[PDB]
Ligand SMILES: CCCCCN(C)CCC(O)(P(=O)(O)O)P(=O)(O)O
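Here we start with a single chain on its own, the form solved without the named molecule, put down as structure tokens.
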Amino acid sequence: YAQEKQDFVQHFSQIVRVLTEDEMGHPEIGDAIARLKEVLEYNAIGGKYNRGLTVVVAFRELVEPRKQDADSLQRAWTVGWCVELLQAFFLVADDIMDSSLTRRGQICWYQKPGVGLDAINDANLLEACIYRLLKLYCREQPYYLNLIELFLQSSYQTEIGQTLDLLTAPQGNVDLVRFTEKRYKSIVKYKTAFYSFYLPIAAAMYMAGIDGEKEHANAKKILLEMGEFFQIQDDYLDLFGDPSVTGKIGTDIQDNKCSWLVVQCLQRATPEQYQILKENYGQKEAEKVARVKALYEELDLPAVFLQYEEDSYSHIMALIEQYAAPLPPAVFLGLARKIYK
């Protein structure tokens, strides 16, 4: 897998070439295109590329190898990068909205000297680049319109999710009462699971000619569920994670996030435990956050997670058995294996 991830990053350079070149018939806009190039190179590079890579892996497993000519695979590479650009667009914008300082250990684009709120237009350009690529590489393909609509629906759903999330954790408002499990699962589904798990596989499906509404509804049932586990596990690792094997240290408590952990804690917790979480959930002081962390362990949450994970794992297998056909189960199982590890 981590060999294919090399050929994927490899293609970025062509993606950039093809995008930063309508200045050919239009030298007028050269300065703008140069900024676009810089936006792409700062923001589309430096993550794990797993979503876009999933398009390519899925594509191979879905389409005949004798159908996999140089051009087909080229479009697979481009659509996966389209997923990554959709992500880069969300992240640049999300970083501004919640005033983050760093992303991928690195300085947030909007925080760089001389960028600031201009990053809002930068973010929008990242979104537009998706549709320029699709038209450049897929205009003639029969699934063309399908992919445009899929990308657009994924944008809209993520944005609804971001809204839900922003209503839910108004930065400057610690109201633990709106952190229900039902609102949690609703936020994970729209803001994270649709574009992170359904979109990549759906894209490869359409590219492989599988446009059937039932097949997508079935692939969606599996992927949304995998997405829900993914975020739940991420909320768990944020805190109890091993900061060495993860990649950074977590701050969900220090940000009043509607984390899975805190939904669980509140779902339990005597009314004294209620009002001591309602006391430390937000501040930057390591004494106050480690207090809640403690209250979590005291409620055995890490245990109820480890139970949840095993239950979640058997549920997803039951889902693959039931709803994978006639797609090769490998397409879902390859994913499950990498998320649940």
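We call the rigid core whatever largest set of C-alpha positions still superposes within 1.5 Å between the two forms. Numbering starts at 1 and runs along the sequence shown.
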*Which has the higher mean CA temperature factor in the PDB entry, 299-307 or 276-284?*
276-284
_Comparing average C-alpha B factors as deposited, tell me which of 138-146 and 122-130 sits higher._
138-146
*Sort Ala93, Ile249, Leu167, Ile187 by C-alpha B-factor from the entry and give me just the highest.*
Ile249
*From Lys221, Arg103, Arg178, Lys191, which pick has the Cα B-factor that tops the rest in the entry?*
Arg178
*When the modelled residues of the chain are sorted by Cα temperature factor, does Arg51 land in the lowest, middle or highest third?*
lowest
_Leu40 - which third its CA temperature factor falls in, relative to the rest of the chain_ = lowest
*Taking the chain's C-alpha temperature factors as the reference, tell me which third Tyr206 falls into: lowest, middle or highest.*
middle
*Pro200 - Cα temperature factor, lowest/middle/highest third of chain*: lowest
*In terms of the chain's CA B-factor thirds, is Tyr156 lowest, middle or highest?*
lowest
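Just so you know, the form solved in complex with the named molecule exists too; it's not on screen, but the next bit is about it.
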*Go through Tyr195, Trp260, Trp109, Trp77 and name the one with a heavy atom inside 4.5 Å of the named molecule in the deposited complex.*
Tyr195
*Heavy atom within 4.5 Å of the named molecule in the deposited complex: which of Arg178, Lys135, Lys214, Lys248 fits that? Just give me the one.*
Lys248
*asked:* So if I measure heavy atom distances to the named molecule in the deposited complex, which of the stretches 267-275, 144-152, 93-101, 69-77 falls within 4.5 Å?
replied: 93-101
*asked:* Test of understanding: in the deposited complex, would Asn218 fall inside 4.5 Å of the named molecule by heavy atoms?
replied: no
_Partner contact for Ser186 in the deposited complex: the named molecule, 4.5 angstroms, heavy atom_ = no
*asked:* Even though the partner isn't displayed, in the deposited complex is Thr158 close enough to the named molecule, meaning a heavy atom within 4.5 Å?
replied: yes
*Non-hydrogen atom contact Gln231 with the named molecule in the deposited complex at 4.5 angstroms*: yes
*From first to last in sequence, which residues of 114-141 have any non-hydrogen atom within 4.5 angstroms of the named molecule in the deposited complex?*
none
*Rigid core superposition between the shown form and the other one: residue from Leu299, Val63, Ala44, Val57 with Cα shift of 2 Å or more*: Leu299
*Any chance the CA of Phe240 moves 2 angstroms or more between the shown form and the other one, core superposed?*
yes
*Rigid-core frame, C-alpha of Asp211, shift of 2 angstroms or more between the shown form and the other one*: no
*asked:* Taking 2 Å as the cut-off, check whether the CA of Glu127 shifts that much or more between the shown form and the other one after a rigid core fit.
replied: no
